[PDB]
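The analysis underlying the following values was restricted to heavy atoms, covering all of them including side chains, and did not include hydrogens, waters or symmetry mates. Lettering of chains follows the sequences in order, A, B, ..., and the numbering in each one begins at 1.
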Amino acid sequence: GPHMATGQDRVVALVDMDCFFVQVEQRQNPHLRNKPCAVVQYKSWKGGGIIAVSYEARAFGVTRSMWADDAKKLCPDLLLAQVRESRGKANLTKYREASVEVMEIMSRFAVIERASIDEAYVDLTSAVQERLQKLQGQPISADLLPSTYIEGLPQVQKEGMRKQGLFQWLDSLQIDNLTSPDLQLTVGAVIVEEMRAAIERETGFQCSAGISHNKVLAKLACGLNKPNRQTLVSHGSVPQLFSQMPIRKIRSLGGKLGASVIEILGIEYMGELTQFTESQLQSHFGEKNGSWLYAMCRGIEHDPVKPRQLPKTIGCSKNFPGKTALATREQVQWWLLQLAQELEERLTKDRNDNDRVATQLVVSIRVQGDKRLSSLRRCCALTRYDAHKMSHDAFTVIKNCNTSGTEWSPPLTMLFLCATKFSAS
DNA sequence: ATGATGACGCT
DNA sequence: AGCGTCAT
Ligand SMILES: Nc1ncnc2c1ncn2[C@@H]1O[C@H](COP(=O)(O)OP(=O)(O)OP(=O)(O)O)[C@@H](O)[C@H]1O
Ligand SMILES: [Ca+2]
């Protein structure tokens, strides 16, 4: 009772750019704005692979991973923008640079953890404290939360429902209690409105966001009202929210562990986990996983927002599917050179921008036949940012994996070069 | 014939 | 070190 921690110590947000690559291409090309459109990678095989889809095109059933030729069957008017191709591979530089635009704005408000090219977590606890002292027990106006949903409220127009729930929420806040977790989340949402307004003003890009007490709840919250909206998930909203929430929706439970929770326990929803002891969960899923599940199904998680705005590794990969699999030594060598040249370009920019140098090169390949991501990984020293040296070193490291040949057997269906172990410079 | 990339866990 | 998992 009085000694059971409730996981309400922090205010955490997750910001997620809406259909990010589409927004980048729509900013650049106004003819794509407010249209069903998608971004496509490559072109020859079935019109290319769709990597991002505007919300107008999603209404027709267009999805990521679909072939553009197939997407045109669902949406004949679909407009397409093509990812840049350099040295025979997709080049995502435009989107990485757009991501930096957004991340740099977010960093003005708080310490961020880059979670992907277009997501970042925000630890707002200190900014909320400061903003709560600048307020003098002043009530928070609904005008300060013009795109916020309060999950679980109210308890026949979309915006009308949003305001009704927001009104119910604001009407019961303990405004004079500076330590009230619900009040802290509400101020957190005010700051996130300001952060999202600044992103849109300064880049043209819209995003969604979740505000809660931890990263898992903030990420879940973000997806509840997309696009261009933000959602506050309070501690008290967790029992009803989790009571019908498929386990797979919780971050890290979308794969084999989540499937085993469902199968071993015979449950479907996150809230059903509360009926097991911590020891029971640890017995089925291990000490770390069981302790994490025991707390998480109660809305409690302690994973910190890591102060990290830059990636820890810089990598370049390309798949070679079906008949395009690399089957000669000259082929393997040329593509390792192509990847190494793009990697050198990124590394040199990274050293100038971010005052660091990578010291290890990881080479990963996939062999025709294995359903895994990688068949083999080996490392070597990375001492000079030179594409010819890196590709020669990568070959030497993987040369012995060749059965016999001028020929390369079995053929390679993936090449991957990753620079790691950065040191300041 | 998805594809590109990145974090972190386990041993 | 090298492999497996999970994610955008
Ligand atoms: N299966 C995948 N393969 C490759 N890249 C992916 C994949 N899923 C996500 N990504 C990368 O993450 C970026 C953001 O993906 P996300 O799932 O957030 O979709 P989105 O296009 O931003 O739409 P939403 O509005 O739903 O967020 C994508 O542009 C892509 O670069
Ligand atoms: Ca996104």
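For A/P321, the side-chain atoms get nearest to B/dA1 when compared with the rest of C/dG2, C/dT8, B/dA1. In the set B/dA7, B/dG3, B/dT5, B/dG3 carries the atom at the smallest distance from any side-chain atom of A/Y42. With distances taken from any side-chain atom of A/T324 to the nucleotides B/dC8, C/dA7, B/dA1, the minimum falls on B/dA1. Distance from the side chain of A/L92 is smallest for B/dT5 among the nucleotides B/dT5, C/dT8, B/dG6. The side chain of A/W67 lies closest to B/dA1, out of C/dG4, B/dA1, B/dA4.
The side-chain hydrogen bond (donor to acceptor under 3.5 Å, both in side chains) check on A/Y269 picks up nothing, with sequence neighbours excluded. Evaluation of the side-chain hydrogen bond (donor to acceptor under 3.5 Å, both in side chains) rule for A/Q338 yields no partner, not counting sequence neighbours. Taking the side-chain hydrogen bond (donor to acceptor under 3.5 Å, both in side chains) definition, one finds that A/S86 meets it with A/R84, A/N91, sequence neighbours left out. For A/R33, the side-chain hydrogen bond (donor to acceptor under 3.5 Å, both in side chains) test picks out no residue, with sequence neighbours left out.
Relative orientation of the A/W67 and A/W45 rings is perpendicular, given thresholds of 30° and 60° on the angle between their planes.
Side chain A/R64 to base B/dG3: no donor-acceptor pair is found below 3.5 Å.
Taking a pair as Watson-Crick or G-U with both hydrogen-bonding distances under 3.5 Å, the stems of three or more pairs touching DNA chain B are B:4-11 with C:1-8.
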Would you mind writing out the side-chain donor-acceptor pairs for residues 418-425 of chain A within the sub-3.5 Å range, not counting sequence neighbours?
{"unit_1": "A/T420", "atom_1": "OG1", "unit_2": "A/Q360", "atom_2": "OE1", "d": "3.0"}
{"unit_1": "A/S425", "atom_1": "OG", "unit_2": "A/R356", "atom_2": "N", "d": "3.2"}

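Phosphate contact (OP1/OP2 of B/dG6, side-chain N/O of A/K306, threshold under 4.0 Å): absent.
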